[PDB]
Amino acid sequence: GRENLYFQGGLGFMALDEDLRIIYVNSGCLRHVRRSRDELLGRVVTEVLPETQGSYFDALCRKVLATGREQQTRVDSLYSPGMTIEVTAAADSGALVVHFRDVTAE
């Protein structure tokens, strides 16, 4: 189960640059947060998705930036409470790439 920016496996993906600006988002990610691409692209993630600040996701991204290592966690979703998700964050070519998978039926 090793989805990445190229082989997304139908999962929601977002990529952030070194200023944590949203430089890539797919449709599944947009539907999850219930936003349009124009609202998020090029914006600093904490500005347009402020619910992520101080959350597990904040810690997850910080750990990737501080160690370079991939991080994965299983948590209740911020944007869809009651949905159990597995969230992965990793560096891929200078970008910080995040994806999530609904694991509610597991």
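We number the residues from 1 along the sequence you see.
- Stretches 53-61 and 67-75 differ in mean C-alpha B factor, with the higher average recorded for 67-75.
- The mean Cα B-factor in the deposited entry runs higher for 89-97 than for the other of 13-21 and 89-97.
- Among all modelled residues in this chain, the alpha-carbon of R34 has a temperature factor (C-alpha) in the middle third.
- Split the chain's modelled residues into thirds by C-alpha temperature factor. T46 is in the highest one.
- Per the PDB record, residue ranking by Cα B-factor puts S80 in the highest third of the chain.
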